[PDB]
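A.B. asks: Quick one: structure below, then a few questions.
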Amino acid sequence: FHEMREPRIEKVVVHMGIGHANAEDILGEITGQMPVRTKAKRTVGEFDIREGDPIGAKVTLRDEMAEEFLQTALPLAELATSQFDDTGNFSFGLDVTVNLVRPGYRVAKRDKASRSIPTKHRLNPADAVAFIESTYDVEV
Amino acid sequence: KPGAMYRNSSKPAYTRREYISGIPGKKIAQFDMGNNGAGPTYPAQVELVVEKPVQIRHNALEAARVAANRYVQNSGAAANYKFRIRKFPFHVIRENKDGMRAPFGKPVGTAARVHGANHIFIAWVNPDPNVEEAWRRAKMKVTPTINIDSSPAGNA
Amino acid sequence: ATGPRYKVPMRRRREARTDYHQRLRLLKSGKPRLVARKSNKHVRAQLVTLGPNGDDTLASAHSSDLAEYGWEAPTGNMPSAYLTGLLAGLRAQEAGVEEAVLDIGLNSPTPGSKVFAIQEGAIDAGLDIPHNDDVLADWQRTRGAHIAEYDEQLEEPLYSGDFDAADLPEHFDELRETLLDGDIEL
Amino acid sequence: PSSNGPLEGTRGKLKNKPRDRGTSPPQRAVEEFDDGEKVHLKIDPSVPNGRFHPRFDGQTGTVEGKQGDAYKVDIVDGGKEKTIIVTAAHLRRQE
Amino acid sequence: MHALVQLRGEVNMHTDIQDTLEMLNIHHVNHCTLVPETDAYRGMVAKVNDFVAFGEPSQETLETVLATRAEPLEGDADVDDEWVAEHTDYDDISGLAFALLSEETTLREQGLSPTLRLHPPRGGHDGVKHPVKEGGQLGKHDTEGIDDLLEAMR
RNA sequence: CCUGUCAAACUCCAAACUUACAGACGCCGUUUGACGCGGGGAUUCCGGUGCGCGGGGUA
RNA sequence: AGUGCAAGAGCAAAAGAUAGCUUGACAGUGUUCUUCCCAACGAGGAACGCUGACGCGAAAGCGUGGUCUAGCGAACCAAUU
RNA sequence: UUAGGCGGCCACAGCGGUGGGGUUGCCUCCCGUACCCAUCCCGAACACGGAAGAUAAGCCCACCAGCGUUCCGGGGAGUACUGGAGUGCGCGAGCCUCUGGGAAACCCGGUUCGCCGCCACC
Ligand SMILES: [Cl-]
Ligand SMILES: [Cl-]
Ligand SMILES: [Mg+2]
Ligand SMILES: [Mg+2]
Ligand SMILES: [Mg+2]
Ligand SMILES: [Mg+2]
Ligand SMILES: [Mg+2]
Ligand SMILES: [Mg+2]
Ligand SMILES: [Mg+2]
Ligand SMILES: [Mg+2]
Ligand SMILES: [Mg+2]
Ligand code: NA
Ligand code: NA
Ligand code: NA
Ligand code: NA
Ligand code: NA
Ligand code: NA
């Protein structure tokens, strides 16, 4: 049963929602791989009327690239609880989000016969706190 | 203007406010009277039943209603009874007020279409039918002949 | 699901198995389809025709029943695909089938992909199929050379037990060679 | 009519019931008919092409050759003989 | 098998109704025809229902009327037993009548005009403004009902 | 939750009925030639009324 | 939701969005429907072909302008190819 | 069909939920980036290579009706409406009779947790 039920980290998105950049550079060094532009939708008063327009960057890290990052990110954060997803995710911080899930996720991300993960097989906020807390730190 | 001009249901239903503007407000003050805080938990339930399909202008509705409820003050301002007028004047009515040229009239009012045998009024009373009288006065101000019908009340 | 007005997709669309827009374009040819499908371990190839109550498969080949002819290697690779294509193609010819259009379902038209390998095989079997030569692998990779060289970077057998240690694109030739004459079920 | 375009008064006949909404099954768009076959004409709201003039919705004509992939169906409008160019998507075999 | 008698004129009657009567071989008031009880025929009589009198007659009545008002496809010739015998498959009127009722044959098949041109009802009929259920003479009738009419128009 | 009402330009529904084609019966046509084709000659393009369904209008 | 603009209709691995590439908004010539139900009538419109040349795509295929129904103009004369 | 591929009809198949199943035909999740190929950033996906592990997802199998849907019984209802007819009624609006058709809502009880086709396969 277990082993295929135990949580794991799937991508950590570090993004700097600026409002118009030079910021990529630091993201590249803080993570280790190229950042991606962040176009915006809708015209608005914050002199942000341009639809297609660089307004921030993000970086999706997977595997070691994600751990080796969290092994310094987490330490720089305190928070826990309430600040957790209903799916067992959490964002802290410049933002750093951690997407958590169990072994059979590809089933909902592939092209052929894809399918939505059953609620039971989903990750709960609690089942998440445990996994992470059980990895160099404390909850709440 | 006379009811003669609008009491018949010979014209198409004309109620789409999305295509009609300038509709006069309704003169009907209320639809729930008496103790509306309480629910129909009364022994007796009399109803005013229209005996012919007709169109009743909000004018007549208000006069009819007032004449009945204003009288139901034989029981008092805060008496124990609840009065309900179940119809609403949805049908918009016009008047061609040039002669027969470009005669589509302009909105002048609203009326409620009632089919013979429907109940336009329903009162709820304890064995104290002063309501039967309130209605003799109500069907007095609406076009059709009417039937005063009692439902829960084998207390004759 | 939600109400009377709700619109439920066609079953094969729910199952995310059939692309009906591509299907229609495929059926336009009026020719049989060369259905190229893959599995983590195997590769299938069918020649399907249209029917009153659903499709009709007139000839097929599965990477598993490849061993039935002397295959002693894994079945989820390039050489595997090609051969399965050729095997299905041959059976196809036997069935009186002369032409078909490649249907790769929900797979991607990536150059040198296995579905194209399957297509190359079917074509060599004799099947006339609309294709484009430079979207196919360069023969050597079809032979399985890319894997042999990969095992050159050995230190540990690429194949757990299986057959050989340095693998064999030669085993590939022996097989293709075999398929091109006589033998049962062809 | 307040206008005289082809789609005048076709609100009903060219609309799908909410559940038949969406791309139609390809099986019937590829159906093959033979000259002489009787076919019912009915536009499929979901299929844009290969249509015919809405006035003919309901007719049952006789397939008599084809043009491109479209078929040439012979019908009789009132008392007049007409030829309609239509695709299988909007045809059905009679009986 | 039902006996059909037109009791109302053509003036002002729907054309599709008048054409039906004509398809049933009746082209005048008081003319009568015998019609099999089939789905096809049933629909036709239903459409003519308000301008006619119909119902299943008795063996006797049919015989009386056949003898009195039957005619050859052409000519004056009286259709009596001898005629019936020397011209039809049957040996006498009764034999023909029975065959008609049992819907085994038809007036044409036996070289007879499909129409029994009756006489106005002696004593008059019950009126052509109401159906039987209302005291009138229109619509489906009783076998006893039809017989009276047919006999009065003998 | 409970409770009071509506739609010519609303519809989860839904007739009677109208309508394409085909078969069957009926009727009709093969000396009264139907169905149809080609040609000659028109008149006619102020209409009205009843009933059913209407739209406008106090009528 | 969006799909340039009335209204109604169509569309979700798309007819919408993003990106890239491209010029089929191509020449010639037709079939058919519409304009004008039935039922004759022009310009105009549309559907569906073919011949030629192309674009994209692995390919089936799609592209006869814009998802569909409005956005149009005779003879004479002039200019233009 | 002890798990597969392509489909037809396109909710009777949807939504939600329970139980069961794999040294192997198998499908998956899974493991992994030298290659073909790939991410406006990530072998996530796509693509390729492969079996250390698992049946927890998916999937297949058995089942549940609470919601949605399909069809049926009984009731609503031969009601509403309606094609044909009337020197029937009514000041009229309108109604009635005969004849041929005939509903919707809703309630109660059943049904429905897909059916079928081709191919492959201890
Ligand atoms: Cl596949
Ligand atoms: Cl057309
Ligand atoms: Mg309409
Ligand atoms: Mg004679
Ligand atoms: Mg006398
Ligand atoms: Mg009389
Ligand atoms: Mg009509
Ligand atoms: Mg177009
Ligand atoms: Mg001039
Ligand atoms: Mg010029
Ligand atoms: Mg399980
Ligand atoms: Na004027
Ligand atoms: Na009165
Ligand atoms: Na559809
Ligand atoms: Na034209
Ligand atoms: Na960019
Ligand atoms: Na499983």
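Quick note on naming: the chains in the structure tokens go A, B, ... in the order shown, residues restart at 1 in each chain, and ligands are numbered from 1 in order of appearance.
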Counting only C-alpha atoms (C1' of nucleotides) and all ligand atoms, what are the residues, protein, DNA or RNA alike, that approach ligand 10 to within 8 Å? I want them as a ChimeraX atom specification.
C.D. replies: /G:78-80
A.B. asks: Residues of chain B near chain F: apply a cut-off of 8 Å, count only C-alpha atoms (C1' of nucleotides), and supply the list as a ChimeraX atom specification.
C.D. replies: /B:4-5,12-16,19,86-88,90,96,100,103-104
A.B. asks: Run DSSP on the backbone and give me the residues of range 3-142 of chain B it puts in alpha helix (DSSP H), as a list in words.
C.D. replies: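 Of range 3-142 of chain B, only residues 58, 59, 60, 61, 62, 63, 64, 65, 66, 67, 68, 69, 131, 132, 133, 134, 135, 136, 137 and 138 of chain B fall in alpha helix (DSSP H).
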A.B. asks: Excluding same-chain residues fewer than 2 positions from range 38-54 of chain E, what lies within 8 Å of it counting only C-alpha atoms (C1' of nucleotides), as a list in words?
C.D. replies: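 Using only C-alpha atoms (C1' of nucleotides), the neighbours found are residues 2, 3, 4, 5, 6, 7, 8, 9, 17, 20, 21, 35, 36, 56, 128, 131, 137, 138, 139, 140, 141 and 146 of chain E; 25 of chain F; 84, 85, 99 and 100 of chain H.
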A.B. asks: When the cut-off is 7 Å and you count only C-alpha atoms (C1' of nucleotides) and all ligand atoms, which residues lie near ligand 13, shown as number ranges by chain?
C.D. replies: B: 139-146
A.B. asks: Emit the selected residues as a compact mmCIF listing (two decimals), in the first residue's frame, including N, CA, C and O atoms.
C.D. replies:
# COMPACT_ATOMS: atom_id res chain seq x y z
N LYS B 139 -65.33 41.97 -4.62
CA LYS B 139 -65.77 41.59 -5.97
C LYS B 139 -66.72 42.64 -6.51
O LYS B 139 -67.28 42.52 -7.60
N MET B 140 -66.87 43.68 -5.72
CA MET B 140 -67.73 44.80 -6.03
C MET B 140 -66.97 45.76 -6.94
O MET B 140 -67.56 46.50 -7.74
N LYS B 141 -65.65 45.73 -6.80
CA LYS B 141 -64.79 46.62 -7.56
C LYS B 141 -63.91 45.96 -8.63
O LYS B 141 -62.93 46.54 -9.08
N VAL B 142 -64.26 44.73 -9.01
CA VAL B 142 -63.56 44.04 -10.09
C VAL B 142 -64.65 43.66 -11.08
O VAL B 142 -65.80 43.41 -10.71
N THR B 143 -64.28 43.63 -12.36
CA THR B 143 -65.20 43.33 -13.44
C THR B 143 -66.12 42.11 -13.32
O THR B 143 -67.35 42.25 -13.30
N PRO B 144 -65.55 40.90 -13.20
CA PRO B 144 -66.33 39.67 -13.10
C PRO B 144 -67.21 39.43 -11.90
O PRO B 144 -67.07 40.07 -10.85
N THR B 145 -68.12 38.47 -12.09
CA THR B 145 -69.04 38.03 -11.05
C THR B 145 -68.13 37.11 -10.28
O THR B 145 -67.21 36.52 -10.85
N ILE B 146 -68.37 36.97 -8.99
CA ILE B 146 -67.48 36.13 -8.24
C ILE B 146 -68.16 35.17 -7.27
O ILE B 146 -69.34 35.32 -6.93
A.B. asks: Show me which residues are within 12 Å of ligand 7 counting only C-alpha atoms (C1' of nucleotides) and all ligand atoms, and format the list as a PyMOL selection string.
C.D. replies: chain F and resi 17-19+53
A.B. asks: If you run DSSP on the backbone, which residues of chain E are strand (DSSP E or B), as a PDB file with N, CA and C atoms, in the first residue's frame?
C.D. replies:
ATOM      1  N   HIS E   2     -69.642  -1.752 -43.662  1.00  0.00           N
ATOM      2  CA  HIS E   2     -70.590  -0.687 -43.368  1.00  0.00           C
ATOM      3  C   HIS E   2     -71.279  -0.108 -44.594  1.00  0.00           C
ATOM      4  N   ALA E   3     -72.514   0.334 -44.388  1.00  0.00           N
ATOM      5  CA  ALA E   3     -73.316   0.943 -45.433  1.00  0.00           C
ATOM      6  C   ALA E   3     -73.183   2.461 -45.313  1.00  0.00           C
ATOM      7  N   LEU E   4     -72.718   3.109 -46.378  1.00  0.00           N
ATOM      8  CA  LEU E   4     -72.528   4.554 -46.366  1.00  0.00           C
ATOM      9  C   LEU E   4     -73.572   5.290 -47.174  1.00  0.00           C
ATOM     10  N   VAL E   5     -74.245   6.243 -46.541  1.00  0.00           N
ATOM     11  CA  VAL E   5     -75.250   7.025 -47.226  1.00  0.00           C
ATOM     12  C   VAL E   5     -75.009   8.509 -47.022  1.00  0.00           C
ATOM     13  N   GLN E   6     -74.771   9.221 -48.125  1.00  0.00           N
ATOM     14  CA  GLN E   6     -74.576  10.662 -48.060  1.00  0.00           C
ATOM     15  C   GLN E   6     -75.921  11.302 -47.797  1.00  0.00           C
ATOM     16  N   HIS E  31     -77.124   8.634 -52.053  1.00  0.00           N
ATOM     17  CA  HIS E  31     -76.468   7.537 -52.700  1.00  0.00           C
ATOM     18  C   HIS E  31     -75.771   6.742 -51.617  1.00  0.00           C
ATOM     19  N   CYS E  32     -75.751   5.432 -51.789  1.00  0.00           N
ATOM     20  CA  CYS E  32     -75.183   4.557 -50.789  1.00  0.00           C
ATOM     21  C   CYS E  32     -74.140   3.608 -51.346  1.00  0.00           C
ATOM     22  N   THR E  33     -73.146   3.295 -50.529  1.00  0.00           N
ATOM     23  CA  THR E  33     -72.110   2.396 -50.970  1.00  0.00           C
ATOM     24  C   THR E  33     -71.773   1.503 -49.798  1.00  0.00           C
ATOM     25  N   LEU E  34     -71.197   0.344 -50.094  1.00  0.00           N
ATOM     26  CA  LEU E  34     -70.840  -0.627 -49.072  1.00  0.00           C
ATOM     27  C   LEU E  34     -69.338  -0.566 -48.900  1.00  0.00           C
ATOM     28  N   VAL E  35     -68.860  -0.382 -47.680  1.00  0.00           N
ATOM     29  CA  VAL E  35     -67.426  -0.295 -47.513  1.00  0.00           C
ATOM     30  C   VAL E  35     -66.841  -1.209 -46.452  1.00  0.00           C
ATOM     31  N   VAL E  52     -72.615  12.082 -43.464  1.00  0.00           N
ATOM     32  CA  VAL E  52     -73.083  10.796 -43.890  1.00  0.00           C
ATOM     33  C   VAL E  52     -73.770  10.012 -42.776  1.00  0.00           C
ATOM     34  N   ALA E  53     -74.289   8.842 -43.141  1.00  0.00           N
ATOM     35  CA  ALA E  53     -74.949   7.916 -42.215  1.00  0.00           C
ATOM     36  C   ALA E  53     -74.275   6.590 -42.506  1.00  0.00           C
ATOM     37  N   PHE E  54     -73.800   5.890 -41.489  1.00  0.00           N
ATOM     38  CA  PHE E  54     -73.167   4.621 -41.768  1.00  0.00           C
ATOM     39  C   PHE E  54     -73.364   3.654 -40.622  1.00  0.00           C
ATOM     40  N   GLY E  55     -73.126   2.379 -40.907  1.00  0.00           N
ATOM     41  CA  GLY E  55     -73.284   1.341 -39.912  1.00  0.00           C
ATOM     42  C   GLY E  55     -73.422   0.023 -40.636  1.00  0.00           C
ATOM     43  N   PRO E  72     -76.496  -2.876 -62.699  1.00  0.00           N
ATOM     44  CA  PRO E  72     -75.358  -3.452 -63.411  1.00  0.00           C
ATOM     45  C   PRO E  72     -74.379  -2.311 -63.598  1.00  0.00           C
ATOM     46  N   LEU E 112     -71.431  -5.110 -60.777  1.00  0.00           N
ATOM     47  CA  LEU E 112     -72.476  -4.202 -60.322  1.00  0.00           C
ATOM     48  C   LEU E 112     -71.901  -2.832 -59.987  1.00  0.00           C
ATOM     49  N   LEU E 116     -75.548   2.297 -54.652  1.00  0.00           N
ATOM     50  CA  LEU E 116     -76.935   1.958 -54.505  1.00  0.00           C
ATOM     51  C   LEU E 116     -77.630   3.305 -54.385  1.00  0.00           C
ATOM     52  N   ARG E 117     -78.222   3.747 -55.490  1.00  0.00           N
ATOM     53  CA  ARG E 117     -78.929   5.020 -55.542  1.00  0.00           C
ATOM     54  C   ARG E 117     -80.274   4.934 -54.833  1.00  0.00           C
ATOM     55  N   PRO E 131     -75.987  14.466 -34.621  1.00  0.00           N
ATOM     56  CA  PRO E 131     -75.608  13.065 -34.804  1.00  0.00           C
ATOM     57  C   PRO E 131     -76.655  12.137 -34.184  1.00  0.00           C
ATOM     58  N   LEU E 138     -76.891  11.846 -38.427  1.00  0.00           N
ATOM     59  CA  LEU E 138     -75.509  11.812 -38.910  1.00  0.00           C
ATOM     60  C   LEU E 138     -74.638  10.868 -38.100  1.00  0.00           C
ATOM     61  N   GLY E 139     -73.622  10.299 -38.737  1.00  0.00           N
ATOM     62  CA  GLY E 139     -72.709   9.424 -38.022  1.00  0.00           C
ATOM     63  C   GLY E 139     -73.001   7.936 -37.983  1.00  0.00           C
ATOM     64  N   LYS E 140     -72.247   7.244 -37.129  1.00  0.00           N
ATOM     65  CA  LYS E 140     -72.382   5.807 -36.963  1.00  0.00           C
ATOM     66  C   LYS E 140     -73.759   5.496 -36.406  1.00  0.00           C
TER      67      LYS E 140
END
A.B. asks: Select the residues contacting ligand 14 at a distance of at most 8 Å, based on only C-alpha atoms (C1' of nucleotides) and all ligand atoms, then format the selection as a VMD selection string.
C.D. replies: chain D and resid 16 20 to 25 44 to 47
A.B. asks: Using only N, CA, C and O atoms, please write the residues we just selected to a file, as a PDB file, in the first residue's frame.
C.D. replies:
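Heads up, here's the output in again-v5.pdb:
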ATOM      1  N   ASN D  16     -29.530  23.359 -31.972  1.00  0.00           N
ATOM      2  CA  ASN D  16     -29.456  22.065 -31.352  1.00  0.00           C
ATOM      3  C   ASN D  16     -30.077  22.059 -29.980  1.00  0.00           C
ATOM      4  O   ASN D  16     -30.104  23.092 -29.312  1.00  0.00           O
ATOM      5  N   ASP D  20     -27.469  17.892 -27.584  1.00  0.00           N
ATOM      6  CA  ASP D  20     -26.907  17.458 -28.859  1.00  0.00           C
ATOM      7  C   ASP D  20     -25.874  18.471 -29.322  1.00  0.00           C
ATOM      8  O   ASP D  20     -25.338  18.400 -30.428  1.00  0.00           O
ATOM      9  N   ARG D  21     -25.612  19.411 -28.428  1.00  0.00           N
ATOM     10  CA  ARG D  21     -24.663  20.483 -28.627  1.00  0.00           C
ATOM     11  C   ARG D  21     -23.265  19.912 -28.798  1.00  0.00           C
ATOM     12  O   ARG D  21     -22.968  18.835 -28.299  1.00  0.00           O
ATOM     13  N   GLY D  22     -22.410  20.628 -29.516  1.00  0.00           N
ATOM     14  CA  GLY D  22     -21.045  20.173 -29.722  1.00  0.00           C
ATOM     15  C   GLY D  22     -20.789  19.322 -30.953  1.00  0.00           C
ATOM     16  O   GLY D  22     -21.701  18.682 -31.485  1.00  0.00           O
ATOM     17  N   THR D  23     -19.529  19.314 -31.388  1.00  0.00           N
ATOM     18  CA  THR D  23     -19.079  18.557 -32.555  1.00  0.00           C
ATOM     19  C   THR D  23     -19.811  17.245 -32.714  1.00  0.00           C
ATOM     20  O   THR D  23     -19.887  16.459 -31.778  1.00  0.00           O
ATOM     21  N   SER D  24     -20.300  16.987 -33.915  1.00  0.00           N
ATOM     22  CA  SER D  24     -21.040  15.772 -34.185  1.00  0.00           C
ATOM     23  C   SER D  24     -20.160  14.557 -34.496  1.00  0.00           C
ATOM     24  O   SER D  24     -19.003  14.700 -34.895  1.00  0.00           O
ATOM     25  N   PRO D  25     -20.694  13.340 -34.292  1.00  0.00           N
ATOM     26  CA  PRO D  25     -19.930  12.113 -34.561  1.00  0.00           C
ATOM     27  C   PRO D  25     -19.558  12.032 -36.048  1.00  0.00           C
ATOM     28  O   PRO D  25     -20.409  12.230 -36.915  1.00  0.00           O
ATOM     29  N   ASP D  44     -27.370  19.605 -39.932  1.00  0.00           N
ATOM     30  CA  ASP D  44     -26.860  19.343 -38.607  1.00  0.00           C
ATOM     31  C   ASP D  44     -26.347  20.682 -38.096  1.00  0.00           C
ATOM     32  O   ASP D  44     -25.364  21.224 -38.609  1.00  0.00           O
ATOM     33  N   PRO D  45     -27.010  21.239 -37.080  1.00  0.00           N
ATOM     34  CA  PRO D  45     -26.582  22.522 -36.541  1.00  0.00           C
ATOM     35  C   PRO D  45     -25.092  22.621 -36.248  1.00  0.00           C
ATOM     36  O   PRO D  45     -24.474  23.653 -36.496  1.00  0.00           O
ATOM     37  N   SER D  46     -24.509  21.538 -35.749  1.00  0.00           N
ATOM     38  CA  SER D  46     -23.090  21.514 -35.390  1.00  0.00           C
ATOM     39  C   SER D  46     -22.123  21.512 -36.573  1.00  0.00           C
ATOM     40  O   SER D  46     -20.969  21.892 -36.435  1.00  0.00           O
ATOM     41  N   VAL D  47     -22.591  21.071 -37.732  1.00  0.00           N
ATOM     42  CA  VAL D  47     -21.736  21.024 -38.914  1.00  0.00           C
ATOM     43  C   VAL D  47     -21.952  22.211 -39.848  1.00  0.00           C
ATOM     44  O   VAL D  47     -22.980  22.307 -40.512  1.00  0.00           O
TER      45      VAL D  47
END
A.B. asks: Which chains and residue numbers are within 8 Å of ligand 8, counting only C-alpha atoms (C1' of nucleotides) and all ligand atoms, if I want them as a PDB file with N, CA and C atoms (P, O5', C5', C4', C3', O3' and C1' of nucleotides), in the first residue's frame?
C.D. replies:
ATOM      1  P     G G  66     -14.583  33.355 -44.977  1.00  0.00           P
ATOM      2  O5'   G G  66     -13.985  34.210 -43.778  1.00  0.00           O
ATOM      3  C5'   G G  66     -12.823  33.767 -43.075  1.00  0.00           C
ATOM      4  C4'   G G  66     -12.607  34.618 -41.852  1.00  0.00           C
ATOM      5  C3'   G G  66     -13.827  34.714 -40.948  1.00  0.00           C
ATOM      6  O3'   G G  66     -13.394  34.842 -39.598  1.00  0.00           O
ATOM      7  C1'   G G  66     -13.288  36.864 -41.773  1.00  0.00           C
ATOM      8  P     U G  67     -14.311  34.284 -38.394  1.00  0.00           P
ATOM      9  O5'   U G  67     -15.358  33.279 -39.059  1.00  0.00           O
ATOM     10  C5'   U G  67     -14.947  32.000 -39.581  1.00  0.00           C
ATOM     11  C4'   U G  67     -16.109  31.035 -39.564  1.00  0.00           C
ATOM     12  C3'   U G  67     -17.407  31.582 -40.126  1.00  0.00           C
ATOM     13  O3'   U G  67     -17.457  31.520 -41.542  1.00  0.00           O
ATOM     14  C1'   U G  67     -17.839  30.552 -38.054  1.00  0.00           C
ATOM     15  P     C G  68     -18.228  32.668 -42.345  1.00  0.00           P
ATOM     16  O5'   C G  68     -19.750  32.323 -42.072  1.00  0.00           O
ATOM     17  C5'   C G  68     -20.329  31.162 -42.664  1.00  0.00           C
ATOM     18  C4'   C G  68     -21.799  31.145 -42.408  1.00  0.00           C
ATOM     19  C3'   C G  68     -22.533  32.422 -42.751  1.00  0.00           C
ATOM     20  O3'   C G  68     -22.792  32.500 -44.147  1.00  0.00           O
ATOM     21  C1'   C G  68     -23.224  31.654 -40.638  1.00  0.00           C
TER      22        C G  68
END
A.B. asks: For chain G, report every residue with an atom at most 12 Å from chain A (counting only C-alpha atoms (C1' of nucleotides)), formatted as a PyMOL selection string.
C.D. replies: chain G and resi 13+17-18
A.B. asks: Taking only C-alpha atoms (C1' of nucleotides) and all ligand atoms into account, list the residues no farther than 10 Å from ligand 15, as a ChimeraX atom specification.
C.D. replies: /G:34-35,42-45
A.B. asks: So which residues touch range 25-27 of chain B within 7 Å, counting only C-alpha atoms (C1' of nucleotides), skipping near sequence neighbours fewer than 5 positions away, as a PyMOL selection string?
C.D. replies: chain B and resi 58-59+62
A.B. asks: Keeping C-alpha atoms for every residue in the selection just given, could you write it to a file as a short mmCIF file (atom, residue, chain, number, x, y, z; two decimals), in the first residue's frame?
C.D. replies:
data_model
loop_
_atom_site.label_atom_id
_atom_site.label_comp_id
_atom_site.auth_asym_id
_atom_site.auth_seq_id
_atom_site.Cartn_x
_atom_site.Cartn_y
_atom_site.Cartn_z
CA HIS B 58 -53.83 47.30 -11.07
CA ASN B 59 -56.36 50.06 -10.48
CA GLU B 62 -55.81 48.12 -5.33
#
A.B. asks: Write as a PyMOL selection string the residues around ligand 3, taking 10 Å as the cut-off and counting only C-alpha atoms (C1' of nucleotides) and all ligand atoms.
C.D. replies: chain D and resi 9-13
A.B. asks: What residues of the protein or nucleic acid chains come within 12 Å of ligand 17 when you use only C-alpha atoms (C1' of nucleotides) and all ligand atoms? Reply as number ranges by chain.
C.D. replies: A: 1, 4-5, 104, 107, 118, 121; H: 3, 20-22, 27-29, 54-61
